[PDB]
Structures are given as structure tokens and as C-alpha cells.
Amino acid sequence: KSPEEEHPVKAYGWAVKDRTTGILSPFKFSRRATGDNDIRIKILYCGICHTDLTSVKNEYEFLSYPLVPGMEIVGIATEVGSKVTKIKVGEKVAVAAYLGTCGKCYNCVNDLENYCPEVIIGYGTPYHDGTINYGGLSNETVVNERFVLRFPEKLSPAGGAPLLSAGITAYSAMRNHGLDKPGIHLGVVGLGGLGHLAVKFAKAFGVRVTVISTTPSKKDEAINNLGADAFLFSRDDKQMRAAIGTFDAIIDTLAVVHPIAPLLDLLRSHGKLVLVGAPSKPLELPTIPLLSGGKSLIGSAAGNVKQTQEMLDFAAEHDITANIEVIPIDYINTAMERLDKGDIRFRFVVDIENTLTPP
């Protein structure tokens, strides 16, 4: 069938129609009717993350096109299924970075569902009904209540949107591995959308933070704007040899290939290097440092919906928001170009309600 015929309820947004160019354009489609456990969401803001860019750059083999990207959604519940009681129509809600899970593995039943082997990602893949999921650059969406969050009333809807993928990924990796207790000297490699949010949460956790980066012109943003206690330029072997053995843990946010040996030397014995960015190619692990130091390489991806709701409540109390540029949807293609060059501090957020036009 056609996108507008495939489902009963009409919907519209922007979508990459030709995967070889990556250009989004207005797109008409449809969404399933509200099930008994479903929430219909009028989308207000949609953050743009690196996953969107990679998708747009035609580097995701499995994705179906036309592709409606966007997986950091903030909106309003317009309709709720018969069985839904946690949310009422008219309340502010947010969507998790994933839309569903098998529901029968250990992870799912113990509320660690983001690690389910059969996790359904925000968009580009089939749902439990076989139909491709359309993401957040659209006027409305429908999501199972389990994967819909309650948005704190005292949190900027626009500024809170990037928390739903970038935020949770940093929050969960820190909480789950004990990088949230005051006293720790924590390194954050890479000052991007993910990196800048790792710094904000650490400061609100009371953690000493050195921003590790290549770009030396980010020093001012790292210290003055973000609140980093120190800054390491990753070319000055004087700085490097001085910091050897000084870090209890390091969060690596880099999406690009990069050496690992220098980062392990920066750790004290039994220190942990947490990888949360998805490198394009595989990196090379230096066994000699890992073994002699007794160090750990640890991967982390997003977080469970219970963590996501707890993180959202923790950001209202401590006024944690992202540094965002709110853009109209027809600026998306220019924004993608700027994101490809790192020409953003630090997060695009599309205003869906006011800049998306029906037809």
C-alpha cells in the first residue's frame, strides 16, 4: 500500500525520500489507530541527534526509505487507550528513544528493556505490526504507554527534548557505573551534543570534570559556559604526560575512530573507560595497558524507561537543559550540513507545532 493508505489516521512531516542524497522534503503518511495501551501525541519539539545525521548520510544499511528521522520527541497527549491510566489527555509527555521490545526476555521483564535483543528503534524499522516506524519530524505519533514519559511541568519543552536520547545515554552510563558520587575525577572526551550534557549532569552530581577535546577553541565553552574544572587538548604531550594516572573514569562520546591507548594511560589502576558513542569503524584495543592497569572498557546504550523518567525529574529539580538552537523544519537540511561540520553549540531542536504545515 501507500503511506497515506497503509493506516487509518492521516499524518504528515518531512522525510528523506532518496537515500542517496539525504535531503528531507514534505511527506504525507499515516499512523495506526489508538490501541488500548496507546497514547496519541501532538508533537511540539523534536531534537536532532547524531543518529539522525548518520541515517541522513546513508550509513545505516537496514533502514527503510522514505525515512522520517527524529527520536527526541516532546509533545502533548491528545488521546489515550481504554487501559491507559498513567497519563491523561492534555498532559505534556515525551517519548523514549525506542518504541518497543520483545517483552519476554530477562531484560524486558526486569525493566532493563533498552538492552532487549529485539528492541525496536525510533524509526526506519518495522513495528510489531510489520509497518515501518516514522520518527519525530512529523505532526503526531502513537506510542505504547510503556515508552511514553511524563514531562516535568518545570522543564523547558524545547530545552528538555535533547535529554531523551543524548541526556539519558549520559545519565544512565554515569548512574549505572558509579560516576555520580562526589570526589571522582571524571574525563569527558568530545564536546558535542552528548559530551556537553555529560558535563552538565556531572556538575549537578558534584563531580570534578576535565573536558578532553581536540578542538582548542572549545576551551572557553568548556570552562566558562559549561563549568568544567579543567581542559585537556589532545595534542599537548606535556599535558598528557602530566595527567597520566589521574582519572578514575572517562566517558568517551566520540562518533569517529580515534586512539584508545592515550585514554587508558590517563586512568588510574582499575579505572573505567565508558564508550557511549558509536564509532563508524572498529577501534584497536591496546592489551598491554588494559592488562597491567587492570582497566575496563565498558559500552552503554541509552537507558530504560524507568531511568528516563527519573532522569527527567532530576533535570527539573536541578534545572538541567541542553544548549539548543530552535529551528523551523524547512531549515533541517541546512542544519544537517552544520551538524556534519560540528557547527553547533550544541543541539538543534525543531519546532514542529509552529513550522510544519499540513498541505
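Note that residue numbering begins at 1 and tracks the sequence as displayed.
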28-36 versus 309-317 - which carries the larger mean C-alpha B factor in the record = 309-317
Once average C-alpha B-factors are taken from the entry for 291-299 and 66-74, the winner is 291-299
Residue selected from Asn133, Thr169, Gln239, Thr101 by maximal Cα B factor = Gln239
Just grab whichever of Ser280, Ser165, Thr125, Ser138 has the top CA B-factor as deposited.
-> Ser280
Relative to the other modelled residues of the same chain, rank the CA B-factor of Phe147 and answer lowest, middle or highest third.
-> lowest
Determine, from the deposited record, the chain-internal third of the Cα B-factor for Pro157: lowest, middle or highest.
-> middle
How does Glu113 rank on Cα B-factor within its chain, lowest, middle or highest third?
-> middle
By the record's CA B-factor, is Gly192 among the lowest, middle or highest third of residues in the chain?
-> lowest
By the record's CA B-factor, is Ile121 among the lowest, middle or highest third of residues in the chain?
-> lowest
